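Since the structure comes first, as structure tokens, the remarks are kept for the end.
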């Protein structure tokens, strides 16, 4: 994913060796930046992936499953299906 | 739109002063490139905008309205609503 992966590894390596919390501090500064429900999704998704990296599996498991159901409501399965397919992989 | 606008002025100015048809020649080379229905949309959209620029309003009017109905099927109104809102402006 283009902007997905541009911010993904950016806040990943900001915290993988930098501070875990300094990344999440600006993550909501980037998600408060988001203006659409399309935009308000990926930030929380990649935060799930973030906290997944730190071996915090089930804190954000709920964030995976709660959004796996927040998406099937609105036909994204025929409109970017992969996006939720890897969610289906990691819920 | 990021990739939308990256290719929008890319084939706009390829034809605005260059050849009108050389742009559309590679447009389907870019849309045959498209992998998903999400991807298969924007190319035909911007082709509508292309042929709109050349004062060919109603040839592609049908391409506007036929896709305005091909989208409401799948909940994009709560998932990138603007995208189809400007379609609503130009159908």
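Residue numbers (the entry's author numbering), protein chains in the order written: chain A, 1 to 91; chain B, 1 to 91.
Idealized CB from N, CA, C, for every residue including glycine.
query	result
On the criterion of 16 or more Cβ atoms from any shown chain inside 10 Å, does residue 47 of chain B qualify as buried, or is it exposed?	buried
In whole angstroms, give me the CA-to-CA distance for residue 62 of chain A and residue 1 of chain B.	31 Å
Closest to residue 69 of chain B by CA distance: which of B:79, B:88 and B:27 is it?	B:88
Let's test the definition: count the other Cβ atoms within 10 Å of the Cβ of residue 76 of chain A and tell me whether it reaches 16, buried, or not, exposed.	buried
Taking just the CA atoms, how far does residue 43 of chain A sit from residue 28 of chain A?	8 Å
Of all the CB atoms in chain B, is at least one closer than 7 Å to the CB of residue 45 of chain A?	no
How long is the line joining the alpha carbons of residue 50 of chain A and residue 26 of chain A, rounded to whole angstroms?	13 Å
Quick one: list the residues of chain B neighbouring residue 75 of chain A, beta-carbon separation under 8 Å, in chain order.	73, 74, 75, 76 and 79
Comparing the C-beta of residue 89 of chain B with each C-beta of chain A, is any distance below 7 Å?	no
By the three-class DSSP mapping on this structure, what secondary structure does residue 39 of chain A have?	helix
Rounded to the nearest angstrom, what separates residue 3 of chain A and residue 58 of chain A at their Cα positions?	26 Å
Compile a chain-ordered list of the residues in the stretch 29-45 of chain A whose CB is closer than 7 Å to at least one CB of chain B.	36, 37 and 38
Can you pull the chain B neighbours of residue 3 of chain A, defined as C-beta to C-beta under 7 Å?	2
Considering only the beta carbon of each residue, do residue 38 of chain B and residue 80 of chain A sit closer than 7 Å?	yes
In chain order, what residues of the same chain have a beta carbon less than 8 Å from the beta carbon of residue 52 of chain B, not counting five sequence neighbours either side?	60 and 90
When we look at the beta-carbon of residue 35 of chain A and count the other beta-carbons within 10 Å, is it buried (16 or more) or exposed?	exposed
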